[PDB]
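Student: Input structure: run-v2.tsv, which contains TSV, C-alpha atoms.
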chain	number	residue	atom	x	y	z
A	1	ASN	CA	13.26	-21.33	9.79
A	2	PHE	CA	16.80	-20.22	8.96
A	3	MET	CA	19.28	-17.56	8.35
A	4	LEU	CA	21.10	-16.14	5.44
A	5	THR	CA	24.64	-15.03	6.03
A	6	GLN	CA	26.50	-12.75	3.61
A	7	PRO	CA	30.10	-11.19	3.92
A	8	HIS	CA	29.72	-7.73	5.32
A	9	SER	CA	32.05	-6.25	2.85
A	10	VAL	CA	33.48	-6.49	-0.62
A	11	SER	CA	35.59	-4.24	-2.88
A	12	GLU	CA	36.65	-4.35	-6.47
A	13	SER	CA	37.80	-1.91	-9.17
A	14	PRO	CA	35.59	-0.30	-11.76
A	15	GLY	CA	35.24	-2.51	-14.87
A	16	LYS	CA	35.70	-5.61	-12.76
A	17	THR	CA	33.28	-8.43	-11.85
A	18	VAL	CA	32.28	-9.08	-8.21
A	19	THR	CA	30.18	-11.80	-6.53
A	20	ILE	CA	28.37	-11.58	-3.27
A	21	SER	CA	26.76	-14.69	-1.85
A	22	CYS	CA	24.10	-15.62	0.69
A	23	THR	CA	24.25	-18.94	2.45
A	24	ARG	CA	21.10	-20.56	3.91
A	25	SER	CA	21.59	-22.37	7.14
A	26	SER	CA	18.45	-24.42	6.85
A	27	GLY	CA	16.47	-26.51	4.53
A	28	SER	CA	17.44	-25.85	1.00
A	29	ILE	CA	18.11	-22.68	-0.85
A	30	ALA	CA	15.92	-23.78	-3.76
A	31	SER	CA	12.80	-24.32	-1.59
A	32	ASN	CA	12.15	-20.56	-1.59
A	33	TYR	CA	12.74	-17.68	-3.87
A	34	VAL	CA	15.73	-15.54	-3.18
A	35	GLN	CA	15.59	-11.70	-3.81
A	36	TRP	CA	18.41	-9.14	-3.98
A	37	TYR	CA	18.05	-5.50	-2.86
A	38	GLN	CA	20.39	-2.61	-3.46
A	39	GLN	CA	20.22	0.09	-0.87
A	40	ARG	CA	21.92	3.53	-0.66
A	41	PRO	CA	22.03	5.66	2.39
A	42	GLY	CA	18.73	7.35	3.25
A	43	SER	CA	17.25	5.16	0.45
A	44	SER	CA	14.60	2.38	0.54
A	45	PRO	CA	15.70	-1.19	-0.54
A	46	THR	CA	15.38	-1.56	-4.40
A	47	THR	CA	14.88	-4.91	-6.19
A	48	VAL	CA	17.89	-5.77	-8.35
A	49	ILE	CA	16.88	-9.51	-8.52
A	50	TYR	CA	13.61	-11.42	-7.68
A	51	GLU	CA	12.79	-15.05	-7.93
A	52	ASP	CA	16.43	-16.09	-7.85
A	53	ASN	CA	17.53	-14.66	-11.19
A	54	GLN	CA	14.88	-12.30	-12.62
A	55	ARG	CA	15.84	-8.60	-13.17
A	56	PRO	CA	12.97	-6.22	-12.91
A	57	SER	CA	12.58	-3.71	-15.71
A	58	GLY	CA	15.25	-0.94	-15.67
A	59	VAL	CA	17.89	-2.93	-13.80
A	60	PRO	CA	21.00	-3.24	-15.93
A	61	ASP	CA	22.03	-6.69	-17.14
A	62	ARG	CA	25.37	-6.27	-15.25
A	63	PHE	CA	23.36	-7.68	-12.33
A	64	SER	CA	22.68	-11.47	-12.38
A	65	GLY	CA	21.42	-13.83	-9.62
A	66	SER	CA	22.41	-17.51	-9.35
A	67	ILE	CA	21.44	-20.36	-7.02
A	68	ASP	CA	24.10	-23.01	-6.28
A	69	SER	CA	22.32	-25.76	-4.26
A	70	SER	CA	25.58	-27.52	-3.77
A	71	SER	CA	26.73	-24.83	-1.36
A	72	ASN	CA	23.18	-23.97	-0.34
A	73	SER	CA	23.77	-20.39	-1.52
A	74	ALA	CA	22.44	-17.65	-3.81
A	75	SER	CA	24.89	-15.23	-5.54
A	76	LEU	CA	24.64	-11.73	-6.83
A	77	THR	CA	27.08	-11.00	-9.68
A	78	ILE	CA	28.00	-7.50	-10.86
A	79	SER	CA	30.07	-7.47	-14.06
A	80	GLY	CA	31.60	-4.27	-15.45
A	81	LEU	CA	31.46	-2.58	-12.03
A	82	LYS	CA	30.56	1.13	-12.01
A	83	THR	CA	31.19	3.55	-9.21
A	84	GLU	CA	27.40	4.05	-9.07
A	85	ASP	CA	27.17	0.38	-7.99
A	86	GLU	CA	28.76	1.22	-4.56
A	87	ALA	CA	26.00	0.47	-2.02
A	88	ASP	CA	24.68	-2.14	0.36
A	89	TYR	CA	23.36	-5.42	-1.01
A	90	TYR	CA	20.76	-7.70	0.83
A	91	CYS	CA	19.57	-11.16	-0.07
A	92	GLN	CA	16.18	-12.15	1.20
A	93	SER	CA	14.06	-15.23	1.10
A	94	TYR	CA	11.06	-16.77	2.93
A	95	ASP	CA	10.66	-19.55	5.53
A	96	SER	CA	7.93	-22.26	5.60
A	97	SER	CA	5.48	-19.85	7.11
A	98	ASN	CA	6.21	-17.09	4.49
A	99	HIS	CA	8.05	-15.08	7.02
A	100	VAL	CA	10.72	-12.89	5.49
A	101	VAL	CA	14.34	-13.61	6.13
A	102	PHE	CA	17.03	-10.96	5.28
A	103	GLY	CA	20.73	-11.46	5.11
A	104	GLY	CA	23.07	-9.22	6.96
A	105	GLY	CA	23.89	-7.08	3.89
A	106	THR	CA	27.15	-6.62	2.03
A	107	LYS	CA	28.63	-3.19	1.62
A	108	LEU	CA	30.06	-3.04	-1.98
A	109	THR	CA	33.06	-0.68	-2.17
A	110	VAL	CA	34.17	0.34	-5.66
A	111	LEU	CA	37.82	1.11	-5.87
B	1	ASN	CA	0.78	-3.34	-8.70
B	2	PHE	CA	1.13	-0.30	-6.45
B	3	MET	CA	3.14	1.83	-4.21
B	4	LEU	CA	3.32	2.55	-0.57
B	5	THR	CA	4.12	6.08	0.42
B	6	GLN	CA	5.27	7.01	3.94
B	7	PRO	CA	6.39	10.51	5.34
B	8	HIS	CA	10.14	10.64	5.17
B	9	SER	CA	10.46	11.99	8.60
B	10	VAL	CA	8.95	12.15	12.05
B	11	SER	CA	10.09	13.37	15.49
B	12	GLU	CA	8.71	13.14	18.96
B	13	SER	CA	10.00	13.31	22.55
B	14	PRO	CA	10.95	10.35	24.67
B	15	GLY	CA	7.92	8.95	26.57
B	16	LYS	CA	5.63	10.09	23.78
B	17	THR	CA	3.56	8.12	21.24
B	18	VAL	CA	4.23	8.42	17.48
B	19	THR	CA	2.47	7.01	14.39
B	20	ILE	CA	3.95	6.42	11.01
B	21	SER	CA	1.67	5.38	8.17
B	22	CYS	CA	1.92	3.74	4.76
B	23	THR	CA	-0.65	4.48	2.12
B	24	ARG	CA	-1.32	2.01	-0.73
B	25	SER	CA	-2.05	3.57	-4.04
B	26	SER	CA	-3.70	0.51	-5.50
B	27	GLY	CA	-6.16	-2.15	-4.80
B	28	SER	CA	-6.79	-2.44	-1.14
B	29	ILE	CA	-4.48	-2.43	1.79
B	30	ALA	CA	-6.18	-5.49	3.29
B	31	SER	CA	-5.62	-7.69	0.18
B	32	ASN	CA	-2.00	-8.28	1.26
B	33	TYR	CA	-0.10	-8.50	4.45
B	34	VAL	CA	1.77	-5.44	5.53
B	35	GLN	CA	5.19	-5.77	7.35
B	36	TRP	CA	7.20	-3.17	9.28
B	37	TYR	CA	11.02	-3.11	9.43
B	38	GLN	CA	13.27	-1.11	11.69
B	39	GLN	CA	16.66	-0.37	10.27
B	40	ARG	CA	19.75	1.31	11.81
B	41	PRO	CA	22.72	2.47	9.88
B	42	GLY	CA	24.97	-0.33	8.64
B	43	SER	CA	22.20	-2.69	9.89
B	44	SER	CA	19.94	-5.16	8.01
B	45	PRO	CA	16.10	-4.51	8.10
B	46	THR	CA	14.55	-6.13	11.28
B	47	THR	CA	10.89	-7.22	11.55
B	48	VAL	CA	9.04	-5.14	14.13
B	49	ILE	CA	5.59	-6.16	12.68
B	50	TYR	CA	4.46	-8.95	10.24
B	51	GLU	CA	1.06	-9.82	8.96
B	52	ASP	CA	-0.33	-6.38	9.69
B	53	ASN	CA	-0.18	-6.49	13.49
B	54	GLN	CA	1.90	-9.45	14.70
B	55	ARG	CA	5.08	-8.72	16.76
B	56	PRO	CA	7.74	-11.32	16.43
B	57	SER	CA	9.25	-12.63	19.64
B	58	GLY	CA	11.55	-10.10	21.40
B	59	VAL	CA	9.96	-6.99	19.92
B	60	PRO	CA	8.61	-4.79	22.69
B	61	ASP	CA	4.86	-4.25	22.91
B	62	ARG	CA	5.46	-0.47	22.45
B	63	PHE	CA	5.31	-1.37	18.75
B	64	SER	CA	1.81	-2.04	17.27
B	65	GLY	CA	0.63	-2.29	13.63
B	66	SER	CA	-2.86	-1.28	12.45
B	67	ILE	CA	-4.68	-1.41	9.10
B	68	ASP	CA	-7.26	1.33	8.40
B	69	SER	CA	-8.97	0.34	5.10
B	70	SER	CA	-10.87	3.57	5.11
B	71	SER	CA	-7.71	5.48	4.27
B	72	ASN	CA	-6.15	2.50	2.53
B	73	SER	CA	-3.23	2.67	4.97
B	74	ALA	CA	-1.22	0.64	7.51
B	75	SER	CA	0.21	2.37	10.65
B	76	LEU	CA	3.11	1.70	12.92
B	77	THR	CA	2.59	3.02	16.46
B	78	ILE	CA	5.38	3.49	18.99
B	79	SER	CA	4.15	4.35	22.49
B	80	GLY	CA	6.52	5.32	25.30
B	81	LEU	CA	9.23	6.36	22.81
B	82	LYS	CA	12.82	5.55	23.78
B	83	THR	CA	15.91	7.10	22.33
B	84	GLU	CA	16.89	3.59	21.16
B	85	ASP	CA	13.81	3.73	18.89
B	86	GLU	CA	15.51	6.40	16.65
B	87	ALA	CA	15.95	4.67	13.27
B	88	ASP	CA	14.42	4.23	9.85
B	89	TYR	CA	11.06	2.51	9.52
B	90	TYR	CA	9.82	0.69	6.27
B	91	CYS	CA	6.42	-0.75	5.50
B	92	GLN	CA	6.30	-3.51	2.96
B	93	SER	CA	3.63	-5.55	1.32
B	94	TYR	CA	3.13	-7.75	-1.79
B	95	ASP	CA	1.40	-7.24	-5.16
B	96	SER	CA	-0.80	-9.79	-7.03
B	97	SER	CA	2.25	-11.57	-8.32
B	98	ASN	CA	3.91	-11.77	-4.83
B	99	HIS	CA	6.39	-9.16	-5.78
B	100	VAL	CA	7.63	-7.18	-2.82
B	101	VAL	CA	6.73	-3.56	-2.48
B	102	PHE	CA	8.62	-1.31	0.04
B	103	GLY	CA	7.66	2.11	1.20
B	104	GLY	CA	10.07	4.95	1.08
B	105	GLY	CA	11.00	4.67	4.79
B	106	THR	CA	10.45	7.11	7.63
B	107	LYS	CA	13.35	8.37	9.64
B	108	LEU	CA	12.18	8.49	13.34
B	109	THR	CA	13.97	11.25	15.26
B	110	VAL	CA	13.68	11.10	19.05
B	111	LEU	CA	13.90	14.47	20.67
As structure tokens, please, write out the structure in this file.
Tutor:
Amino acid sequence: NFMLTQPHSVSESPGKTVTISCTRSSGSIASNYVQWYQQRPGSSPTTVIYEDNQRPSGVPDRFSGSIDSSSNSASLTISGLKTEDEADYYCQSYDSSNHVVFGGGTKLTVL
Amino acid sequence: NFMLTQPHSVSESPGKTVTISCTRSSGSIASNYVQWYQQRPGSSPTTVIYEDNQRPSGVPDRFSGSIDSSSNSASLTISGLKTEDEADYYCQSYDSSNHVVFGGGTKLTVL
């Protein structure tokens, strides 16, 4: 089993690009699919990325997911930052028993 | 695919028992495992229940999960309510493609 650590908080200006990453302590980041959730206060977690890099329908292409197995991490990239992008972001994967593992979340502040 | 609806908000007195449920629109609630997350502000979602009714280690036995296929719903029960139980609660399951489905969340208020 393992854990996924992300920075608790990032901030960038509108129009800019920002990266948030998730490091896996254990085993390898590629062994299991990593998902990315956007969450606003009072709101449920929303899929921005599934299966490492897939954007569900309706999620802007400013959001991309990457896996770098050399650092054992997943990254969420937001290019062309909007103010509406300000929220919490959570990576999430699964362990060998299909138990869900969440990161700590990263508060994105838009300057 | 499907959705999971929960009440947005419940409130009960300390010492009391409270139930929060999750109804599946689609297919049957038993076809996929339902999980329950507790979440506090600024905090990541924490497993209180996995696999319908399993409590991970360290989660008090005041928390139980049930599946009632007759109403196509999962329920989270908290008996002996504490004030520390005040938080948001999310059910979560999977669709046929293993995509994650979250409920809307239920804010538990402890009176």
Student: What does the distance between CA of residue 110 in chain B and CA of residue 90 in chain A come to in Å, to one decimal place?
Tutor: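 Here the two named atoms are 27.1 Å from each other.
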Student: For chain A, which of B:49, B:81, B:10, B:76 is the closest residue, counting all atoms listed in the file?
Tutor: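 Ranked by minimum distance to chain A, first place goes to B:49.
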Student: Tell me which of B:104, B:13, B:54, B:3 sits closest to residue 25 in chain B, counting all atoms listed in the file.
Tutor: B:3
Student: Within 8 Å of residue 30 in chain B, counting only C-alpha atoms, which residues show up once you throw out same-chain ones fewer than 2 positions away? Write them as a PyMOL selection string, please.
Tutor: chain B and resi 28+32-33+67+69
Student: Grab the CA of residue 12 in chain B to CA of residue 109 in chain B distance for me, in Å with one decimal place.
Tutor: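 Between CA of residue 12 in chain B and CA of residue 109 in chain B the gap works out to 6.7 Å.
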Student: Which value, in Å to one decimal, gives the distance between CA of residue 51 in chain B and CA of residue 7 in chain B?
Tutor: 21.3 Å
Student: Counting all atoms listed in the file, figure out which residue out of A:36, A:94, A:50, A:63 gets nearest to chain B.
Tutor: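 Among A:36, A:94, A:50, A:63, it is A:50 that comes nearest to chain B.
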Student: For chain A, which residues have at least one atom within 8 Å of chain B, if we go by all atoms listed in the file? Write them as number ranges by chain, please.
Tutor: A: 43-45, 50, 90, 99, 102-105
Student: For a quick check of understanding, using all atoms listed in the file, which of B:86, B:26, B:111, B:91 has the smallest distance to residue 53 in chain B?
Tutor: B:91
Student: I'd like the neighbourhood of residue 15 in chain B as a ChimeraX atom specification, where a residue qualifies if any of its atoms comes within 10 Å (using only C-alpha atoms), though same-chain residues fewer than 6 positions away should be ignored.
Tutor: /B:78-83,110
Student: For residue 34 in chain A, which of A:66, A:16, A:87, A:97 is the closest residue, counting only C-alpha atoms?
Tutor: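 Distance minimum relative to residue 34 in chain A lands on A:66.
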Student: With all atoms listed in the file as the atoms that count, which of A:108, A:74, A:59, A:48 lies nearest to residue 24 in chain A?
Tutor: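 Using all atoms listed in the file, the shortest distance to residue 24 in chain A belongs to A:74.
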Student: Kindly list the centre and edge lengths in Å, rounded to one decimal, for the axis-aligned box that covers all listed atoms of range 20-34 of chain A plus 8 Å on each of its six sides, as lines of an AutoDock Vina configuration file.
Tutor:
center_x = 20.3
center_y = -19.0
center_z = 1.6
size_x = 32.2
size_y = 30.9
size_z = 27.0
Student: Complete range 80-99 of chain B at the level of N, CA and C atoms, written as a compact mmCIF listing (two decimals), in the coordinates of the input.
Tutor:
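Below you can see rebuild-v6.txt, which holds the result:
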# COMPACT_ATOMS: atom_id res chain seq x y z
N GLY B 80 5.40 5.29 24.35
CA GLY B 80 6.52 5.32 25.30
C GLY B 80 7.88 5.39 24.65
N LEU B 81 7.98 6.13 23.55
CA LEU B 81 9.23 6.36 22.81
C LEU B 81 10.52 6.41 23.62
N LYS B 82 11.49 5.60 23.15
CA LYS B 82 12.82 5.55 23.78
C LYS B 82 13.73 6.16 22.77
N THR B 83 14.94 6.46 23.21
CA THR B 83 15.91 7.10 22.33
C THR B 83 16.45 6.01 21.42
N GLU B 84 16.39 4.77 21.91
CA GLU B 84 16.89 3.59 21.16
C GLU B 84 15.96 3.24 19.98
N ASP B 85 14.75 3.82 19.99
CA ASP B 85 13.81 3.73 18.89
C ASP B 85 14.14 4.59 17.66
N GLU B 86 15.01 5.58 17.78
CA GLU B 86 15.51 6.40 16.65
C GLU B 86 16.10 5.49 15.57
N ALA B 87 15.47 5.47 14.40
CA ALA B 87 15.95 4.67 13.27
C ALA B 87 15.03 4.98 12.09
N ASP B 88 15.32 4.29 11.00
CA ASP B 88 14.42 4.23 9.85
C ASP B 88 13.35 3.15 9.96
N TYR B 89 12.13 3.47 9.60
CA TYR B 89 11.06 2.51 9.52
C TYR B 89 10.42 2.33 8.11
N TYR B 90 10.30 1.09 7.65
CA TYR B 90 9.82 0.69 6.27
C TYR B 90 8.62 -0.17 6.33
N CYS B 91 7.53 0.20 5.62
CA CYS B 91 6.42 -0.75 5.50
C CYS B 91 6.74 -1.53 4.21
N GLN B 92 6.00 -2.62 4.02
CA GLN B 92 6.30 -3.51 2.96
C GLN B 92 5.11 -4.37 2.84
N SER B 93 4.70 -4.59 1.59
CA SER B 93 3.63 -5.55 1.32
C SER B 93 3.97 -6.35 0.05
N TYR B 94 2.96 -6.98 -0.59
CA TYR B 94 3.13 -7.75 -1.79
C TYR B 94 2.05 -7.38 -2.82
N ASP B 95 2.38 -7.46 -4.11
CA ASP B 95 1.40 -7.24 -5.16
C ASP B 95 0.82 -8.60 -5.61
N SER B 96 -0.04 -8.58 -6.65
CA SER B 96 -0.80 -9.79 -7.03
C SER B 96 0.10 -10.93 -7.46
N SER B 97 1.28 -10.56 -7.97
CA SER B 97 2.25 -11.57 -8.32
C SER B 97 3.22 -11.94 -7.24
N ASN B 98 3.03 -11.47 -5.97
CA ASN B 98 3.91 -11.77 -4.83
C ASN B 98 5.21 -11.04 -4.91
N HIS B 99 5.35 -10.09 -5.85
CA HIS B 99 6.39 -9.16 -5.78
C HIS B 99 6.31 -8.23 -4.54
